[PDB]
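Notes for the one structure printed next.
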Amino acid sequence: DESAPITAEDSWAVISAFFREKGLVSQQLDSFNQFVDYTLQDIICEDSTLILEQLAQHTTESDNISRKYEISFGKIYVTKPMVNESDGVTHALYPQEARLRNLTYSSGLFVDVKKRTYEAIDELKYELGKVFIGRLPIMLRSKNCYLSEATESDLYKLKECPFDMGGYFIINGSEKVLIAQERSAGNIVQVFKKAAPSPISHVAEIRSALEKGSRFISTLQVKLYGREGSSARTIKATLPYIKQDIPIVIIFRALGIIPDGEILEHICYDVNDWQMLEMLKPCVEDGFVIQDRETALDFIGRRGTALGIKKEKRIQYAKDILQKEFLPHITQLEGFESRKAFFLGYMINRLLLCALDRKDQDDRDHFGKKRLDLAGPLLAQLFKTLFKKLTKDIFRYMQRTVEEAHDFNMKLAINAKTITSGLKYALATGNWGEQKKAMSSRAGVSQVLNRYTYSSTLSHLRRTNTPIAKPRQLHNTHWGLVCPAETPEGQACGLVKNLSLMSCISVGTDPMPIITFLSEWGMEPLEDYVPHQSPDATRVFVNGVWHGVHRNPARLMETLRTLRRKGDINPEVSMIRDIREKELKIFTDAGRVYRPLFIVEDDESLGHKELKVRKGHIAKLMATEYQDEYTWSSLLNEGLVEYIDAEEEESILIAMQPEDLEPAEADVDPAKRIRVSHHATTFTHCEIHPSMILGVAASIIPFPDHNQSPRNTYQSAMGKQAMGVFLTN
Amino acid sequence: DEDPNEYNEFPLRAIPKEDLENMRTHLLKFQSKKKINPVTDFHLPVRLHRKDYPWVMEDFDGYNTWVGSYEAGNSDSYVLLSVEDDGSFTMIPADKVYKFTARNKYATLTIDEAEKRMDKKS
Amino acid sequence: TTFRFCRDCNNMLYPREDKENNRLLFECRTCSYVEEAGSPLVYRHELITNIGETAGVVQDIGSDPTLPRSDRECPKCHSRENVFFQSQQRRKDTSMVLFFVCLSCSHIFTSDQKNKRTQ
Amino acid sequence: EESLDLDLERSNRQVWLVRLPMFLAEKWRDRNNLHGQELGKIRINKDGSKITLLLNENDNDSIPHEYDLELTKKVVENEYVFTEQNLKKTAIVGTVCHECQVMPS
Amino acid sequence: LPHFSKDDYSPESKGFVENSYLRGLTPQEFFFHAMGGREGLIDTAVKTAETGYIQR
Amino acid sequence: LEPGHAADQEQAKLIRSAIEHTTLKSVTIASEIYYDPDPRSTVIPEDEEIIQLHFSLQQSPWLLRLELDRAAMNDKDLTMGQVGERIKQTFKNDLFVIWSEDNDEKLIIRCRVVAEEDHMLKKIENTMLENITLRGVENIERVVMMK
RNA sequence: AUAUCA
Ligand SMILES: [Mg+2]
Ligand SMILES: [Zn+2]
Ligand SMILES: [Zn+2]
């Protein structure tokens with residue numbers, strides 16, 4: 001009977017395993033680790049190498065000598081935490097010594113540097129170690145921290161409390177917690193109705209930004225001029241570095257899509273839909289003046305910039321803007337006009353779809369469209385601006401030392417204090433930016449960890465800040481991800497979110513294994529799309545980048561789901577199939593809040609649709625519970641349980657209780673609350689336990705289902721100020 | 001299974017390494033809308049020149065010109081299969097694919113003047 | 001409406017009246033192309049629309065678990081297996097009429113007890 | 001020859017355009033030019049037109065797997081192949097009569 | 001909520017808390033009461049400064 | 001309401017109607033532009049009967065044809081006659097108007113002007129929907145009756 | 001400057 005359905009008490013055996021593995025601050029640690037193991041290297045390699053060329057006067061010896069010098073950055077190293085005492089000696093440093101001597105719990109950052117030299121005469125370049133760069137503060141309990149592989153008895157000897165959970169830094173002896181910052185997800189197409197007094201009635205916006213590398217915060221607006229009842233309703237778009245909004249047509253022409261109808265094919269996918277097509281006639285009339293690719297680029301080039309007078313100059317510009325500043329996600333490469341044209345057309349399709357009252361205006365408050373910037377990405381943002389600060393100070397040195405041939409001394413070149421004190425400042429003060437000249441910088445990003453009570457400490461490491469439509473309200477999308485009660489009263493009410501117990505935040509994976517997988521599984525590339533040939537084609541996106549289309553999504557979706565539930569596709573990756581809209585969006589993306597749910601399958605030889613997890617797995621876990629071989633990961637790879645973010649939640653159907661919401665009806669207690677039914681035969685998932693919708697503080701409230709809504713909101717604020725033993729140490 | 005049927009199979013010479021134009025076999029693609037007919041007394045002549053590099057294609061004057069631009073790549077790739085008199089096939093990889101990429105024309109004594117008129121509009 | 005393009009240009013067509021033979025044509029403003037009109041209707045406004053109601057009805061409509069089911073007997077195959085939704089035309093005014101899509105014959109039937117449809 | 005001129009498509013030579021998986025092409029490169037680089041053979045089966053590609057045994061040690069081909073239409077397009085020699089002469093070699101995609105196997 | 005079928009205008013779907021506080025709230029009832037509860041806390045919070053300035 | 005007619009619900013309705021703003025847009029199902037070159041004979045066989053009368057007991061070959069909603073034409077009490085009269089009285093002698101009877105199944109208004117005419121009529125239909133006031137006072141919308 | 005108090 002090891003394949004018997006699971007009861008309601010059994011959901012706790014799964015919850016036990018979730019916490020045995022993840023702990024209460026998996027988000028804080030998993031973020032930092034990702035930044036140390038991967039993110040750090042990629043930051044050293046984006047701009048990385050810098051060169052200086054000294055080309056002569058070509059008069060006569062000692063002239064006519066052209067040289068080019070290189071400086072390259074290879075592997076990045078990072079020691080265990082250390083300290084440099086006054087008397088030279090460097091030695092290991094444990095968290096307790098840091099807190100008492102007010103030191104910083106940081107470790108050394110070391111990078112392989114190489115310095116090449118080249119030379120030519122009056123075209124042929126011919127050729128003629130590990131350096132310390134800074135001290136990076138470590139987050140306690142992370143991979144790099146001493147306390148990570150520490151046993152219980154170990155911690156006690158180290159004068160640390162085993163109940164301490166890590167997730168903070170130690171800067172000058174005070175504990176500091178990075179607060180997750182909530183921002184709107186980028187590379188996302190959103191349509192909004194521009195209010196009653198406006199020339200423009202609707203706008204299609206895309207906040208395009210790179211996953212890493214400079215991060216061009218250029219937002220493209222696709223504007224529908226004219227109001228509901230105004231003649232000549234044209235569509236123009238505001239392009240980065242271009243003062244005026246160019247009529248869509250000219251953009252397509254400048255892209256290479258020259259005749260109307262070839263242009264129309266990219267926007268409207270149904271040749272039948274006369275309604276949308278009539279709406280495009282004004283645009284065609286607007287772009288009638290420009291007839292070829294060249295004249296389109298000139299028209300774009302005319303409208304500066306400044307203007308930048310000269311015919312050859314303006315046409316050359318528009319080329320650069322379309323390549324480097326227009327739709328920078330997708331590609332910033334050359335020959336990708338086809339990709340960026342179809343995207344613009346997908347945007348115009350969405351702009352018109354909303355204006356034709358077929359789709360709703362985008363919910364600016366949908367949680368699925370929000371990201372959380374944790375300790376990882378926060379340090380990554382800071383380290384970028386701090387490493388480009390160092391990179392361009394070495395260059396200033398290479399000029400100073402090639403002028404006087406003063407022997408390019410390494411220690412004089414790299415200023416360690418740049419990155420060391422640059423991070424120490426942020427973490428200490430809290431103005432997340434460079435440096436003692438901060439504003440606007442975002443203060444309160446780093447703050448001193450609440451140590452009043454143990455619960456107070458826990459709830460501080462799960463706190464979310466939202467800076468600046470109706471944000472304070474509890475959204476439906478906040479279900480299972482954020483606590484409905486734990487929020488402040490006054491000013492910050494509903495802008496300070498607290499994570500539910502089972503909530504985790506996507507660390508950010510690689511998109512290529514999925515893009516490579518897709519093409520191989522029937523995905524026709526956008527570069528060869530012919531809308532009227534395959535008109536029912538499901539459009540496939542990976543991080544707001546339209547990669548192509550697929551003819552039988554039904555089978556593809558099942559393959560991709562089996563890929564995740566096996567482990568082949570990472571479980572933190574979100575994949576959604578909106579059948580009605582004919583779309584398949586995939587997210588490898590960092591910052592997405594997810595929750596784990598039980599998987600339910602129609603798949604059962606014996607009877608109905610039943611929860612994959614059986615009483616045999618439950619005992620298989622409680623066997624491992626008695627041992628203190630079957631972990632949470634074990635349930636995850638056996639595809640019994642899955643991770644679902646808010647966007648994916650949209651397409652699923654969840655049962656609250658397993659047992660109570662599974663077998664149909666073939667007296668009743670009056671004292672129990674009135675409950676609904678398991679009418680659904682469609683159930684894709686089941687709720688592990690509904691109490692998990694609550695955060696750390698609300699989870700101490702006895703019978704919160706018997707209190708008036710705010711009385712609960714009050715307790716999850718007061719318990720933070722209740723006295724008790726905060727730590728055994 | 002058993003083959004009660006017959007199959008005609010030809011040997012494929014996986015691309016010969018050494019070819020005079022081993023290096024360049026390219027695809028020139030025209031959209032059907034362009035309606036280019038190779039069998040035209042007019043299109044007897046044709047010149048293909050790099051524009052200084054998009055390719056420029058032109059017939060005798062008075063005839064349309066096309067511009068050729070290079071398409072983006074992918075994991076799969078295209079090969080050109082040709083058949084010798086003997087059934088054997090020789091395959092050659094496509095170096096580049098260009099979408100052409102021509103004229104109209106009727107774009108002279110205009111464009112700049114039309115935009116100006118449009119400006120006399122606002 | 002349903003409009004045509006110029007063969008040769010692929011550019012759109014503008015209506016021209018042939019004053020002499022009192023007939024409607026479609027001219028291309030990029031080349032010398034002309035073609036006679038199919039219908040006399042050139043422009044249709046449509047304020048009180050019905051196009052959007054039964055949108056996105058992919059044969060995979062049954063594979064959406066989010067969609068609710070009913071035991072209503074189909075007008076065609078008489079199957080008591082169907083998924084239902086409301087007018088997908090995202091307007092304020094819009095009635096709460098239901099559209100049922102057969103999990104066998106795929107025919108779209110409504111609950112409208114005021115009027116009779118075919119979409 | 002005539003500089004900047006294009007060559008002879010007038011002959012109406014026909015060729016086929018086939019999309020091949022990257023992995024297969026990788027294998028093909030392995031074949032020696034000296035050998036003549038015979039990668040394998042193409043099979044045309046009747047009882048409906050079916051075309052498949054099979055690698056030579058030399059290429060891999062196993063049972064050769066056939067790669068089915070999906071025949072496709074010319075599309076509303078005219079595809080022509082032009083070659084450029086080391087000499088940089090340009091010739092209009094042939095027109096693409098048929099398109100096909102070799103599926104991975 | 002994801003526990004409901006689409007186009008559900010039923011009392012149970014659109015936030016009708018059927019139960020007494022003595023009986024207890026279902027997870028759905030609990031979250032909807034929480035949404036409704038949060039609204040009041042928002043105006044209590046805001047009104048406080050708006051009301052203050054009116055007085056001045 | 002006026003002293004006397006204070007309890008008279010029908011008097012209330014009369015003022016409600018005389019004050020609540022009504023535009024040609026609120027009654028229109030769709031407007032259409034057709035090429036109907038013979039003013040005397042129509043390419044739309046439906047309309048054939050409307051001509052046969054609004055002729056018995058020179059102009060543009062381009063026709064503006066709009067369909068009105070019977071249900072809408074009733075809630076905001078209106079007649080084809082009175083609607084048509086407004087259009088006729090708006091454009092004076094530079095627009096030739098005909099209309100289907102209140103009895104007749106479909107509700108139609110056929111309009112013609114008095115080289116280049118396509119854009120001209122698209123302006124006339126915008127003027128018609130947006131600027132033509134049928135009943136009511138401007139700025140006054142949703143008028144409710146209250147006891 | 002953050003957190004908090006009624
Ligand atoms: Mg008090
Ligand atoms: Zn034309
Ligand atoms: Zn049926």
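By convention in this document, the chains of the structure tokens carry letters A, B, ... by their order, each chain's residues are numbered from 1, and ligands are numbered from 1 in the order they are shown.
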
**Prompt:** Using only C-alpha atoms (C1' of nucleotides), which residues sit within 8 Å of region 81-98 of chain D once same-chain residues fewer than 5 positions away are excluded, as a VMD selection string?
**Reply:** (chain B and resid 20 to 28 48) or (chain D and resid 1 3 to 9 12 to 17 71 to 74)

Which residues of chain C come within 7 Å of ligand 3, and what is each one's closest atom pair and distance in Å (one decimal), counting only C-alpha atoms and all ligand atoms, sorted by chain and residue number, as JSON lines?
```
{"residue": "C:74", "atom": "CA", "partner": "ligand 3", "partner_atom_place_in_ligand_line": "1 (Zn)", "distance": 4.7}
{"residue": "C:75", "atom": "CA", "partner": "ligand 3", "partner_atom_place_in_ligand_line": "1 (Zn)", "distance": 6.6}
{"residue": "C:76", "atom": "CA", "partner": "ligand 3", "partner_atom_place_in_ligand_line": "1 (Zn)", "distance": 5.0}
{"residue": "C:77", "atom": "CA", "partner": "ligand 3", "partner_atom_place_in_ligand_line": "1 (Zn)", "distance": 4.0}
{"residue": "C:78", "atom": "CA", "partner": "ligand 3", "partner_atom_place_in_ligand_line": "1 (Zn)", "distance": 5.6}
{"residue": "C:79", "atom": "CA", "partner": "ligand 3", "partner_atom_place_in_ligand_line": "1 (Zn)", "distance": 5.2}
{"residue": "C:102", "atom": "CA", "partner": "ligand 3", "partner_atom_place_in_ligand_line": "1 (Zn)", "distance": 4.6}
{"residue": "C:103", "atom": "CA", "partner": "ligand 3", "partner_atom_place_in_ligand_line": "1 (Zn)", "distance": 6.9}
{"residue": "C:104", "atom": "CA", "partner": "ligand 3", "partner_atom_place_in_ligand_line": "1 (Zn)", "distance": 5.4}
{"residue": "C:105", "atom": "CA", "partner": "ligand 3", "partner_atom_place_in_ligand_line": "1 (Zn)", "distance": 3.9}
{"residue": "C:106", "atom": "CA", "partner": "ligand 3", "partner_atom_place_in_ligand_line": "1 (Zn)", "distance": 5.9}
{"residue": "C:107", "atom": "CA", "partner": "ligand 3", "partner_atom_place_in_ligand_line": "1 (Zn)", "distance": 5.6}
```

**helix (DSSP H, G or I) per DSSP on the backbone: members of chain B, as an MDAnalysis selection string** = chainID B and resid 32:34 112:120

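Residues of protein, DNA or RNA lying at most 9 Å from ligand 2, when only C-alpha atoms (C1' of nucleotides) and all ligand atoms are considered, are residues 5, 6, 7, 8, 9, 10, 11, 12, 13, 27, 28, 29, 30, 31, 32, 33 and 34 of chain C.
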
**Request:** For chain A, work out the contacting residues on chain F at 9 Å, counting only C-alpha atoms, and write them as a ChimeraX atom specification.
**Result:** /F:122-123,126,129-130

I'd like the neighbourhood of residue 34 (chain E) as a compact mmCIF listing (two decimals) with N, CA and C atoms, in the first residue's frame, where a residue qualifies if any of its atoms comes within 8 Å (using only C-alpha atoms (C1' of nucleotides)), though same-chain residues fewer than 2 positions away should be ignored.
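selection.txt, freshly written:
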```txt
# COMPACT_ATOMS: atom_id res chain seq x y z
N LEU A 474 -3.34 44.63 -1.03
CA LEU A 474 -2.96 43.23 -1.09
C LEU A 474 -3.54 42.68 -2.40
N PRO A 484 -0.19 38.19 3.95
CA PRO A 484 -1.31 39.14 3.84
C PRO A 484 -1.49 40.05 5.05
N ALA A 485 -0.88 39.68 6.21
CA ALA A 485 -1.03 40.43 7.45
C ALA A 485 0.21 41.26 7.82
N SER A 709 -9.30 40.68 10.48
CA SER A 709 -8.16 40.96 9.60
C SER A 709 -7.01 41.84 10.17
N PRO A 710 -7.26 43.07 10.67
CA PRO A 710 -6.15 43.91 11.12
C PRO A 710 -5.54 43.53 12.45
N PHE E 30 -10.15 33.82 4.34
CA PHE E 30 -9.05 34.45 5.05
C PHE E 30 -8.27 35.46 4.22
N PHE E 31 -7.91 35.09 2.98
CA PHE E 31 -7.16 35.99 2.11
C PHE E 31 -8.01 37.16 1.62
N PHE E 32 -9.28 36.92 1.28
CA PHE E 32 -10.16 37.99 0.82
C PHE E 32 -10.43 38.99 1.93
N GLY E 36 -9.52 43.11 1.92
CA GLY E 36 -10.50 44.07 2.42
C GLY E 36 -10.04 44.81 3.66
N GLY E 37 -9.35 44.07 4.55
CA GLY E 37 -8.78 44.57 5.79
C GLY E 37 -7.65 45.56 5.56
N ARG E 38 -6.77 45.23 4.58
CA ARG E 38 -5.64 46.05 4.17
C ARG E 38 -6.12 47.40 3.64
```

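The part of chain B that reaches within 9 Å of chain C is made up of residues 32, 33, 34, 35, 104, 105 and 106 of chain B, counting only C-alpha atoms.
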
**Exercise: residue 6 (chain B) partners within 12 Å, only C-alpha atoms (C1' of nucleotides), chain neighbours under 5 positions left out, as a PyMOL selection string** = chain D and resi 43-47+50

Can you list, as a short mmCIF file (atom, residue, chain, number, x, y, z; two decimals) with N, CA and C atoms, in the first residue's frame, every protein, DNA or RNA residue that comes within 9 Å of residue 25 (chain F) when you count only C-alpha atoms (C1' of nucleotides), leaving out same-chain residues fewer than 2 positions away?
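Output saved as out_16.cif:
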```
data_model
loop_
_atom_site.label_atom_id
_atom_site.label_comp_id
_atom_site.auth_asym_id
_atom_site.auth_seq_id
_atom_site.Cartn_x
_atom_site.Cartn_y
_atom_site.Cartn_z
N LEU C 47 -19.32 50.46 -34.68
CA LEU C 47 -19.31 51.00 -33.32
C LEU C 47 -19.76 49.94 -32.33
N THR F 22 -27.79 63.45 -25.84
CA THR F 22 -27.82 62.39 -26.83
C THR F 22 -27.12 62.86 -28.12
N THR F 23 -26.14 62.05 -28.58
CA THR F 23 -25.33 62.25 -29.79
C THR F 23 -25.64 61.16 -30.80
N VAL F 27 -26.54 56.18 -30.86
CA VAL F 27 -27.59 55.42 -31.54
C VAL F 27 -27.08 54.54 -32.68
N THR F 28 -25.88 54.84 -33.21
CA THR F 28 -25.26 54.18 -34.37
C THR F 28 -24.60 52.83 -34.11
N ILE F 29 -24.95 51.82 -34.92
CA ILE F 29 -24.34 50.48 -34.85
C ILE F 29 -22.99 50.52 -35.59
N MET F 128 -20.52 64.08 -37.83
CA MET F 128 -21.77 63.39 -37.55
C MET F 128 -21.81 62.67 -36.22
N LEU F 129 -20.83 61.82 -35.94
CA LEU F 129 -20.86 61.05 -34.70
C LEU F 129 -20.53 61.89 -33.46
N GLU F 130 -19.44 62.68 -33.56
CA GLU F 130 -18.88 63.49 -32.47
C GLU F 130 -19.52 64.86 -32.18
N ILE F 132 -22.70 66.12 -33.81
CA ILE F 132 -24.15 66.22 -33.91
C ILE F 132 -24.83 65.78 -32.63
#
```

**Item:** Interface list for chain G, partner chain A, 10 Å threshold, only C-alpha atoms (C1' of nucleotides), as a PyMOL selection string
**Value:** chain G and resi 1-4

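Proximity ranking of C:55, C:41, C:83, C:24 relative to chain E places C:83 first, based on only C-alpha atoms.
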
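Using only C-alpha atoms (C1' of nucleotides), the contacts of region 5-8 of chain E at a cut-off of 7 Å, with sequence neighbours closer than 4 positions omitted, comprise residues 66, 67, 68, 85 and 86 of chain C; 13 of chain E.
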
**Prompt:** So which bits of chain B end up strand (DSSP E) when you DSSP the backbone, as a count of residues only?
**Reply:** 48

**Request:** Excluding residue 143 (chain F) and any residue of its chain fewer than 2 positions from it, enumerate the residues within 9 Å of it, using only C-alpha atoms (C1' of nucleotides), and give them as a PyMOL selection string.
**Result:** chain F and resi 16-17+19-21+140-141+145

Output for the residues just chosen: N, CA, C and O atoms as a compact mmCIF listing (two decimals), in the first residue's frame:
```txt
# COMPACT_ATOMS: atom_id res chain seq x y z
N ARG F 16 -36.36 64.59 -18.34
CA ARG F 16 -35.21 63.68 -18.40
C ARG F 16 -34.73 63.62 -19.83
O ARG F 16 -33.57 63.92 -20.09
N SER F 17 -35.66 63.33 -20.76
CA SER F 17 -35.45 63.24 -22.21
C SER F 17 -34.97 64.57 -22.82
O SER F 17 -34.02 64.56 -23.62
N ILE F 19 -33.36 67.04 -21.36
CA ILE F 19 -32.08 67.45 -20.75
C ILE F 19 -30.90 66.49 -20.93
O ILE F 19 -29.79 66.97 -21.19
N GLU F 20 -31.11 65.16 -20.76
CA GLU F 20 -30.05 64.14 -20.90
C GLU F 20 -29.51 64.16 -22.31
O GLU F 20 -30.27 63.98 -23.27
N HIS F 21 -28.20 64.43 -22.43
CA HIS F 21 -27.47 64.54 -23.70
C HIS F 21 -27.47 63.28 -24.54
O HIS F 21 -27.19 62.18 -24.03
N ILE F 140 -24.41 67.38 -19.65
CA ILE F 140 -25.41 66.62 -18.90
C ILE F 140 -25.56 65.20 -19.45
O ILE F 140 -26.20 65.01 -20.48
N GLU F 141 -24.98 64.19 -18.76
CA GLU F 141 -25.10 62.78 -19.15
C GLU F 141 -25.96 62.05 -18.10
O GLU F 141 -26.63 62.75 -17.35
N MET F 145 -34.13 59.29 -12.65
CA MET F 145 -35.38 59.75 -12.06
C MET F 145 -35.38 59.26 -10.62
O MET F 145 -34.97 58.13 -10.35
```

**Request:** Using only C-alpha atoms, find the residues of chain A whose closest atom to chain B is at most 12 Å away, then write them as a PyMOL selection string.
**Result:** chain A and resi 255-262+285-296+298-300+302+311+331+333-340+512+515-520+523-528+530+547-548

**Residues of chain C within 7 Å of chain A, counting only C-alpha atoms, as a list in words** = residues 1, 2, 9, 10, 11, 12, 52, 56, 57, 58, 60, 61, 65, 66, 88, 89, 90 and 91 of chain C
